[PDB]
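Structure file run_4.cif (mmCIF, C-alpha atoms and all ligand atoms) is printed below.
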```cif
data_final
loop_
_atom_site.label_atom_id
_atom_site.label_comp_id
_atom_site.auth_asym_id
_atom_site.auth_seq_id
_atom_site.Cartn_x
_atom_site.Cartn_y
_atom_site.Cartn_z
CA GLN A 6 0.00 0.00 0.00
CA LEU A 7 0.98 3.67 -0.14
CA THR A 8 1.35 6.39 2.42
CA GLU A 9 -0.85 9.45 2.52
CA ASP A 10 1.64 11.92 1.02
CA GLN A 11 2.44 9.29 -1.61
CA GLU A 12 -1.25 8.91 -2.45
CA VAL A 13 -1.36 12.67 -2.87
CA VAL A 14 1.47 12.57 -5.46
CA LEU A 15 -0.15 9.72 -7.41
CA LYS A 16 -3.51 11.54 -7.46
CA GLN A 17 -1.88 14.74 -8.75
CA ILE A 18 -0.21 12.83 -11.58
CA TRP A 19 -3.56 11.32 -12.59
CA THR A 20 -5.12 14.80 -12.30
CA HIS A 21 -2.59 16.32 -14.72
CA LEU A 22 -3.25 13.48 -17.18
CA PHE A 23 -7.04 13.92 -16.75
CA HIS A 24 -6.84 17.62 -17.49
CA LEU A 25 -4.93 16.72 -20.65
CA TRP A 26 -7.53 14.08 -21.64
CA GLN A 27 -10.57 16.22 -20.69
CA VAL A 28 -11.62 13.89 -17.85
CA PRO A 29 -13.52 16.03 -15.29
CA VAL A 30 -11.73 16.04 -11.96
CA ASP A 31 -11.25 18.34 -9.01
CA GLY A 32 -7.71 18.26 -7.64
CA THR A 33 -8.38 20.64 -4.73
CA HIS A 34 -8.99 18.14 -2.05
CA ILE A 35 -5.93 15.95 -1.81
CA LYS A 82 -4.75 24.62 -16.13
CA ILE A 83 -3.02 21.81 -18.27
CA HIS A 84 0.52 21.36 -16.99
CA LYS A 85 3.48 22.77 -18.91
CA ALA A 86 4.71 19.22 -19.63
CA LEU A 87 1.43 18.29 -21.35
CA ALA A 88 0.50 21.57 -23.05
CA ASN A 89 2.13 20.45 -26.32
CA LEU A 90 0.59 16.98 -26.64
CA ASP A 91 -2.55 15.91 -28.57
CA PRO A 92 -5.26 14.80 -26.01
CA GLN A 93 -6.73 11.98 -28.17
CA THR A 94 -3.42 10.59 -29.41
CA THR A 95 -1.93 10.58 -25.89
CA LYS A 96 -4.94 8.92 -24.26
CA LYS A 97 -5.10 6.20 -26.93
CA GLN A 98 -1.36 5.49 -26.91
CA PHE A 99 -1.17 5.50 -23.09
CA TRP A 100 -3.89 2.89 -22.78
CA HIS A 101 -2.42 0.72 -25.57
CA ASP A 102 0.98 0.72 -23.81
CA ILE A 103 -0.66 -0.54 -20.59
CA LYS A 104 -0.49 -4.31 -21.11
CA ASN A 105 0.29 -6.53 -18.10
CA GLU A 106 0.82 -3.85 -15.46
CA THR A 107 -1.90 -1.99 -13.60
CA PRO A 108 -2.29 1.73 -14.35
CA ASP A 109 -1.13 2.77 -10.86
CA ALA A 110 2.05 0.70 -11.14
CA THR A 111 2.85 2.12 -14.59
CA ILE A 112 2.58 5.66 -13.20
CA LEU A 113 4.40 4.81 -9.98
CA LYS A 114 7.45 3.75 -11.99
CA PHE A 115 7.74 7.34 -13.26
CA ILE A 116 6.99 8.72 -9.77
CA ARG A 117 9.76 6.77 -8.00
CA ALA A 118 12.24 7.43 -10.81
CA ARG A 119 11.69 11.14 -10.05
CA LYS A 120 11.93 10.68 -6.25
CA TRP A 121 8.22 11.50 -5.62
CA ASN A 122 8.49 15.05 -7.03
CA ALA A 123 5.20 15.61 -8.86
CA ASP A 124 6.36 18.28 -11.31
CA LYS A 125 9.44 16.31 -12.36
CA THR A 126 7.29 13.17 -12.66
CA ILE A 127 4.76 14.81 -14.96
CA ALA A 128 7.67 16.28 -16.97
CA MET A 129 9.33 12.89 -17.51
CA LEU A 130 5.95 11.29 -18.32
CA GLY A 131 5.08 13.97 -20.87
CA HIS A 132 8.50 13.53 -22.43
CA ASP A 133 7.95 9.77 -22.70
CA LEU A 134 4.47 10.17 -24.21
CA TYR A 135 5.90 12.60 -26.78
CA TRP A 136 8.71 10.16 -27.76
CA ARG A 137 6.77 6.91 -27.75
CA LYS A 138 3.67 7.63 -29.87
CA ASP A 139 2.82 4.20 -31.49
CA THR A 140 6.30 3.15 -32.71
CA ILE A 141 7.26 0.71 -29.96
CA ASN A 142 3.80 -0.88 -29.86
CA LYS A 143 4.11 -1.52 -33.59
CA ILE A 144 7.55 -3.05 -32.96
CA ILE A 145 6.36 -5.51 -30.29
CA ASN A 146 3.12 -6.34 -32.14
CA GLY A 147 4.80 -7.09 -35.47
CA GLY A 148 7.37 -9.23 -33.69
CA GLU A 149 10.19 -10.98 -35.49
CA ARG A 150 7.69 -11.97 -38.19
CA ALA A 151 7.19 -8.42 -39.44
CA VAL A 152 10.95 -7.82 -39.36
CA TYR A 153 11.45 -10.82 -41.65
CA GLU A 154 8.48 -10.03 -43.89
CA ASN A 155 9.77 -6.53 -44.56
CA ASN A 156 13.35 -7.83 -44.95
CA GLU A 157 14.96 -5.62 -42.31
CA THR A 158 18.45 -7.00 -42.84
CA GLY A 159 20.29 -5.46 -39.86
CA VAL A 160 17.51 -6.36 -37.37
CA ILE A 161 17.52 -9.84 -38.87
CA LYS A 162 21.24 -10.29 -38.45
CA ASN A 163 20.98 -9.28 -34.78
CA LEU A 164 18.13 -11.79 -34.28
CA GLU A 165 20.02 -14.57 -36.07
CA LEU A 166 23.25 -13.93 -34.14
CA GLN A 167 21.21 -14.22 -30.91
CA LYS A 168 23.12 -11.16 -29.71
CA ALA A 169 20.49 -10.41 -27.03
CA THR A 170 18.17 -13.19 -25.94
CA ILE A 171 15.83 -13.75 -23.00
CA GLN A 172 17.18 -16.82 -21.23
CA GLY A 173 14.95 -17.17 -18.15
CA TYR A 174 14.49 -15.51 -14.75
CA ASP A 175 16.87 -14.30 -12.02
CA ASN A 176 16.48 -15.15 -8.30
CA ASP A 177 13.76 -12.52 -7.80
CA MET A 178 11.74 -13.76 -10.82
CA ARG A 179 12.88 -10.95 -13.04
CA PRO A 180 13.38 -11.81 -16.73
CA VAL A 181 17.05 -12.05 -17.72
CA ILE A 182 18.50 -10.84 -21.04
CA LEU A 183 21.76 -12.48 -22.19
CA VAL A 184 23.91 -10.01 -24.15
CA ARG A 185 27.11 -11.30 -25.78
CA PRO A 186 29.14 -8.30 -27.02
CA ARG A 187 31.68 -10.62 -28.70
CA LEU A 188 29.08 -11.13 -31.46
CA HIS A 189 28.77 -7.40 -32.11
CA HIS A 190 30.21 -5.58 -35.12
CA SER A 191 29.25 -1.97 -35.84
CA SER A 192 29.18 -2.81 -39.58
CA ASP A 193 26.48 -5.51 -39.17
CA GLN A 194 23.63 -2.99 -38.97
CA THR A 195 22.75 0.66 -38.94
CA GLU A 196 22.37 2.27 -35.54
CA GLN A 197 18.64 2.68 -36.21
CA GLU A 198 18.39 -1.06 -36.83
CA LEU A 199 20.47 -1.76 -33.67
CA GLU A 200 18.10 0.49 -31.66
CA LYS A 201 14.95 -1.05 -33.18
CA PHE A 202 16.33 -4.52 -32.28
CA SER A 203 17.17 -3.35 -28.75
CA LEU A 204 13.69 -1.93 -28.26
CA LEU A 205 12.16 -5.19 -29.47
CA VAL A 206 14.17 -7.28 -27.02
CA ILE A 207 13.38 -4.94 -24.10
CA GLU A 208 9.68 -5.02 -24.92
CA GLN A 209 9.69 -8.80 -25.22
CA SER A 210 11.15 -9.11 -21.73
CA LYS A 211 8.39 -6.89 -20.38
CA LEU A 212 5.94 -9.65 -21.36
CA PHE A 213 7.77 -12.08 -19.01
CA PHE A 214 6.95 -9.92 -15.91
CA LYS A 215 5.22 -12.09 -13.29
CA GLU A 216 2.24 -11.13 -11.05
CA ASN A 217 3.52 -10.00 -7.51
CA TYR A 218 7.15 -9.91 -8.67
CA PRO A 219 9.35 -6.96 -9.62
CA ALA A 220 8.41 -5.51 -13.01
CA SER A 221 11.97 -5.12 -14.25
CA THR A 222 14.61 -6.84 -16.34
CA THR A 223 18.02 -8.09 -15.30
CA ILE A 224 20.80 -7.97 -17.90
CA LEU A 225 23.70 -10.44 -18.08
CA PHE A 226 26.53 -9.00 -20.24
CA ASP A 227 28.87 -11.91 -21.02
CA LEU A 228 32.19 -10.29 -21.99
CA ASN A 229 33.92 -13.63 -22.73
CA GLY A 230 35.76 -13.20 -26.01
CA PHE A 231 35.08 -9.46 -26.11
CA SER A 232 37.65 -7.57 -28.27
CA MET A 233 37.86 -3.90 -29.33
CA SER A 234 36.59 -5.31 -32.69
CA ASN A 235 33.25 -5.46 -30.86
CA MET A 236 33.19 -2.15 -28.96
CA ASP A 237 30.64 0.45 -30.06
CA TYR A 238 30.05 3.42 -27.77
CA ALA A 239 26.92 4.51 -29.71
CA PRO A 240 24.51 1.66 -28.75
CA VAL A 241 25.82 1.92 -25.08
CA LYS A 242 24.86 5.57 -25.01
CA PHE A 243 21.46 4.82 -26.59
CA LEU A 244 20.68 2.10 -24.17
CA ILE A 245 21.71 4.31 -21.21
CA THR A 246 19.72 7.25 -22.51
CA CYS A 247 16.67 5.17 -23.38
CA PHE A 248 16.31 3.28 -20.02
CA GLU A 249 16.78 6.64 -18.22
CA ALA A 250 13.99 8.47 -19.94
CA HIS A 251 11.68 5.75 -21.35
CA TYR A 252 11.72 2.72 -19.00
CA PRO A 253 11.74 4.10 -15.45
CA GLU A 254 12.37 1.58 -12.65
CA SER A 255 12.72 -1.27 -15.22
CA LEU A 256 16.29 -2.33 -14.41
CA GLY A 257 16.97 -5.00 -11.84
CA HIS A 258 20.57 -6.23 -11.93
CA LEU A 259 23.35 -5.42 -14.40
CA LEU A 260 25.74 -8.35 -14.47
CA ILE A 261 29.10 -7.84 -16.25
CA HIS A 262 30.66 -11.28 -16.47
CA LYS A 263 34.34 -12.09 -17.05
CA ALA A 264 35.28 -8.61 -18.20
CA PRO A 265 38.73 -8.75 -19.85
CA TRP A 266 41.47 -6.24 -19.03
CA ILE A 267 40.87 -4.23 -22.25
CA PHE A 268 37.47 -3.35 -20.79
CA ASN A 269 38.77 -1.34 -17.82
CA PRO A 270 39.48 1.88 -19.83
CA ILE A 271 36.08 1.53 -21.55
CA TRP A 272 34.53 1.17 -18.10
CA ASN A 273 36.17 4.42 -17.02
CA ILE A 274 34.18 6.13 -19.73
CA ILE A 275 30.87 4.30 -19.30
CA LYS A 276 30.76 4.82 -15.51
CA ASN A 277 30.95 8.56 -16.09
CA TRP A 278 27.72 8.42 -18.09
CA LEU A 279 25.70 6.54 -15.47
CA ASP A 280 23.35 7.97 -12.95
CA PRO A 281 23.92 6.68 -9.41
CA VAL A 282 20.92 4.30 -9.26
CA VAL A 283 21.91 2.48 -12.48
CA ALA A 284 25.53 2.49 -11.21
CA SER A 285 24.19 0.90 -8.02
CA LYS A 286 22.70 -1.91 -10.12
CA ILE A 287 26.01 -3.11 -11.68
CA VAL A 288 27.96 -6.15 -10.47
CA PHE A 289 31.14 -7.62 -11.92
CA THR A 290 31.28 -11.39 -11.80
CA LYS A 291 34.13 -13.71 -12.69
CA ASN A 292 32.94 -17.31 -12.21
CA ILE A 293 29.70 -19.30 -12.07
CA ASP A 294 29.59 -19.31 -8.26
CA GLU A 295 29.16 -15.54 -8.33
CA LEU A 296 26.41 -15.77 -10.97
CA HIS A 297 24.63 -18.31 -8.73
CA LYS A 298 23.94 -15.52 -6.23
CA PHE A 299 21.78 -13.78 -8.90
CA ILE A 300 20.47 -16.58 -11.20
CA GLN A 301 19.38 -20.19 -10.64
CA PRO A 302 21.52 -22.83 -12.41
CA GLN A 303 18.50 -23.98 -14.48
CA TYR A 304 18.57 -20.57 -16.20
CA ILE A 305 22.31 -20.06 -16.74
CA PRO A 306 23.64 -21.22 -20.14
CA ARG A 307 25.61 -24.46 -20.07
CA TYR A 308 28.61 -22.73 -21.63
CA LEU A 309 28.71 -20.40 -18.60
CA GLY A 310 28.55 -23.23 -16.05
CA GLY A 311 24.76 -23.52 -15.85
CA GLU A 312 22.17 -26.14 -16.81
CA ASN A 313 20.34 -24.23 -19.59
CA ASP A 314 20.91 -26.24 -22.78
CA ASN A 315 19.30 -23.65 -25.04
CA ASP A 316 20.83 -23.38 -28.52
CA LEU A 317 22.79 -20.14 -28.54
CA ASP A 318 24.54 -20.67 -31.89
CA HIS A 319 21.50 -21.56 -34.04
CA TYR A 320 18.47 -19.25 -34.21
CA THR A 321 14.99 -20.66 -34.86
CA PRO A 322 12.71 -17.82 -36.09
CA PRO A 323 8.95 -17.98 -35.38
CA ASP A 324 7.32 -19.97 -38.19
CA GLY A 325 4.04 -18.09 -37.64
CA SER A 326 1.89 -21.18 -36.89
CA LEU A 327 0.69 -19.73 -33.55
CA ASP A 328 -0.68 -16.54 -35.17
CA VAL A 329 -4.11 -17.89 -36.18
CA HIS A 330 -5.98 -15.31 -34.09
CA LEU A 331 -4.19 -12.41 -35.82
CA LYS A 332 -6.89 -12.13 -38.26
CA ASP A 333 -10.02 -12.82 -36.36
CA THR A 334 -10.85 -9.12 -36.76
CA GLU A 335 -14.33 -9.20 -35.28
CA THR A 336 -13.33 -10.96 -32.04
CA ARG A 337 -10.45 -8.47 -31.70
CA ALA A 338 -12.97 -5.65 -32.10
CA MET A 339 -15.17 -7.05 -29.35
CA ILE A 340 -12.11 -7.44 -26.94
CA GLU A 341 -11.14 -3.83 -27.72
CA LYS A 342 -14.71 -2.59 -26.96
CA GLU A 343 -14.52 -4.33 -23.58
CA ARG A 344 -11.19 -2.52 -23.01
CA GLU A 345 -12.71 0.83 -24.07
CA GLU A 346 -15.58 0.42 -21.54
CA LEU A 347 -13.19 -0.79 -18.78
CA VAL A 348 -10.94 2.24 -19.43
CA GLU A 349 -13.88 4.66 -19.23
CA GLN A 350 -15.04 3.14 -15.93
CA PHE A 351 -11.50 3.25 -14.56
CA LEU A 352 -11.17 6.95 -15.43
CA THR A 353 -14.56 7.64 -13.76
CA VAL A 354 -13.86 5.89 -10.53
CA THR A 355 -10.35 7.38 -10.43
CA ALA A 356 -11.71 10.92 -10.64
CA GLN A 357 -14.21 9.98 -7.92
CA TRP A 358 -11.33 8.68 -5.76
CA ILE A 359 -9.29 11.81 -6.49
CA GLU A 360 -11.79 14.25 -5.09
CA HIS A 361 -13.28 12.09 -2.30
CA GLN A 362 -12.54 13.26 1.29
CA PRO A 363 -11.73 11.62 3.86
CA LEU A 364 -9.45 8.63 3.46
CA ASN A 365 -11.17 6.82 6.47
CA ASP A 366 -14.47 6.80 4.75
CA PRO A 367 -16.19 3.48 3.91
CA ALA A 368 -17.01 5.10 0.57
CA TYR A 369 -13.23 5.56 0.21
CA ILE A 370 -12.74 1.87 0.91
CA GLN A 371 -15.18 1.08 -1.92
CA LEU A 372 -13.48 3.46 -4.37
CA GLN A 373 -10.10 1.82 -3.67
CA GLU A 374 -11.49 -1.69 -4.10
CA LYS A 375 -13.27 -0.76 -7.31
CA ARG A 376 -10.06 0.71 -8.72
CA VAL A 377 -8.23 -2.54 -7.89
CA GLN A 378 -10.91 -4.68 -9.49
CA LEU A 379 -10.95 -2.51 -12.65
CA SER A 380 -7.11 -2.73 -12.70
CA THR A 381 -7.40 -6.49 -12.56
CA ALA A 382 -10.07 -6.47 -15.26
CA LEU A 383 -7.83 -4.38 -17.53
CA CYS A 384 -4.90 -6.71 -17.16
CA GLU A 385 -7.14 -9.72 -17.84
CA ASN A 386 -8.60 -7.96 -20.88
CA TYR A 387 -5.08 -7.36 -22.17
CA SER A 388 -4.27 -11.05 -21.64
CA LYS A 389 -7.33 -11.88 -23.78
CA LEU A 390 -6.40 -9.29 -26.39
CA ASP A 391 -2.79 -10.49 -26.71
CA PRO A 392 -3.28 -13.40 -29.20
CA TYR A 393 -5.20 -10.97 -31.43
CA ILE A 394 -2.76 -8.10 -31.92
CA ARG A 395 0.69 -9.55 -31.22
CA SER A 396 2.68 -11.81 -33.56
CA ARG A 397 4.14 -14.68 -31.48
CA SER A 398 7.80 -14.43 -30.45
CA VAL A 399 10.32 -17.29 -30.43
CA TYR A 400 9.53 -17.40 -26.69
CA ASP A 401 5.81 -18.13 -27.21
CA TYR A 402 6.90 -21.16 -29.31
CA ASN A 403 9.62 -22.59 -27.07
CA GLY A 404 7.23 -22.56 -24.10
CA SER A 405 9.07 -19.91 -22.07
CA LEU A 406 6.50 -17.10 -22.51
CA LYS A 407 2.79 -17.05 -21.45
CA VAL A 408 0.88 -13.71 -21.48
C1 LIG B 501 18.94 -5.24 -25.45
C2 LIG B 501 20.40 -4.99 -25.34
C3 LIG B 501 20.83 -4.62 -23.98
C4 LIG B 501 21.25 -5.08 -26.35
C5 LIG B 501 21.04 -4.68 -27.78
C6 LIG B 501 22.20 -5.02 -28.68
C7 LIG B 501 23.49 -4.47 -28.16
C8 LIG B 501 23.49 -3.02 -27.97
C9 LIG B 501 24.53 -5.25 -27.86
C10 LIG B 501 25.98 -4.88 -27.89
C11 LIG B 501 26.57 -4.38 -26.59
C12 LIG B 501 27.96 -3.81 -26.72
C13 LIG B 501 28.38 -3.49 -28.10
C14 LIG B 501 28.73 -3.60 -25.66
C15 LIG B 501 30.22 -3.54 -25.60
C16 LIG B 501 30.80 -3.66 -24.22
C17 LIG B 501 30.03 -2.84 -23.26
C18 LIG B 501 29.46 -3.20 -22.12
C19 LIG B 501 29.35 -4.59 -21.60
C20 LIG B 501 28.83 -2.17 -21.25
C21 LIG B 501 27.51 -1.79 -21.81
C22 LIG B 501 26.44 -1.87 -20.80
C23 LIG B 501 26.27 -1.11 -19.74
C24 LIG B 501 26.53 -1.60 -18.36
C25 LIG B 501 25.77 0.30 -19.87
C26 LIG B 501 24.80 0.79 -18.82
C27 LIG B 501 23.66 -0.13 -18.57
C28 LIG B 501 22.41 -0.06 -19.01
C29 LIG B 501 21.74 -1.20 -19.66
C30 LIG B 501 21.55 1.14 -18.86
#
```
Can the structure from this file be put into structure tokens for me?
Amino acid sequence: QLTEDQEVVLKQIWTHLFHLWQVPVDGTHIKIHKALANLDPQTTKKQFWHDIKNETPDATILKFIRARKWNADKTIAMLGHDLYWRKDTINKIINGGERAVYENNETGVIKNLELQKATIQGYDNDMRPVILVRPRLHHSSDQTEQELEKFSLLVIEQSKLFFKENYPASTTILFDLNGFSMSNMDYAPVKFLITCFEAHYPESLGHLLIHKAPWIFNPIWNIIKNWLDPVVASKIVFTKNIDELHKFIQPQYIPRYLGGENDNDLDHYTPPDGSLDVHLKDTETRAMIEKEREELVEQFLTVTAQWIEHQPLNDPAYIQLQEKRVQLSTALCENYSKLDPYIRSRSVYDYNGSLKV
């Protein structure tokens, strides 16, 4: 649960959003903000509620709030920035999946997929999804930076779908530097991935494991550490053997070649053959799932305004507003689970059994 002055912050964030979306609310008892005055109401509302998939609305907003240390103005500024930069580009990326990338012959993206440069390999000890990155497979010439970035965004988004109920909604990254050479170094995607987690995926990082760093990496590290904010810097751990990795990941999830028990094929990529995509063009059922969502979003907005202006926080009526918000939250996440087979092309992880939405 949340404290009173925390509840106030969360309500003020919702109130700024509601003034942008023309949802009637009175914020006095707990005129569009500068951060939102240059956004399109319709576009923002629609994109915001598409990007909510498996997380409740409150949790999605609270990620931005904590990342900005519970300062309401800074939180609404970061959130407006994100909404401006996201539009519908990332949702298109995750919904088209690897299939769209192949169908439109995006050669650089494809080479990153086929090299298995970044792959979700299971969960860490807190049930966060774990991304295995192997920089020794990287060559700046293999792709454009835009392709590299589109691939990175796709992998990040995929790992968001692995987030478990009642477990931290964040991704751990294992950087295996075995066989890393300057041949492989590329400061540009480092910078992008620092910049993009900082402004677009608040509170989405769990652990940053840097495994068997060779000596040539220490000067590079002296640069990269300068670019990090202190919380991301707090997340980084250097490990040198499998016993150290064991403290963060269960042996069933660590690749065999690292000392673990995971016998996944890391040298041969198996793209999604598309045979689980049958619901992608049941258009009418999709439309009925999306109408359910539209109604559940309207109700959520309604009750959330109610809960914003209601005084006091003792009240039995307040108890009912809170419980209704939680049940509408639950209903929205279940509705997204139902909608998932109908908008999203299946990933290699839906096929190999590892992912269930
Ligand atoms: C999804 C993902 C993380 C990867 C996309 C593909 C890329 C960018 C892989 C290549 C990585 C690379 C070329 C690195 C060279 C050596 C550098 C490092 C191991 C340090 C880079 C990582 C960091 C520790 C930066 C700060 C952390 C984050 C993620 C914000």
Item checked: Residue contacts of residue 399 (chain A) (8 Å, all atoms listed in the file) excluding same-chain residues fewer than 6 positions away, as a VMD selection string -> chain A and resid 321 to 323
Next item on the list: Would you please work out which residue, of A:199, A:382, A:14, A:145, is nearest to ligand LIG 501 (chain B) when using all atoms listed in the file?
Entry: A:199
Next item on the list: List all protein, DNA and RNA residues that have any atom at most 7 Å from ligand LIG 501 (chain B), counting all atoms listed in the file, and write the list as a ChimeraX atom specification.
Entry: /A:168-169,184-186,189,199,202-204,206-207,224,226,228,235-237,240-241,244-245,248,259,261,275,279,283,287
Check: So how far away is CA of residue 332 (chain A) from CA of residue 381 (chain A), in Å?
Finding: 26.3 Å
Check: Taking only C-alpha atoms into account, which of A:100, A:174, A:26, A:115 comes nearest residue 304 (chain A)?
Finding: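 Under the stated criterion, the closest residue is A:174.
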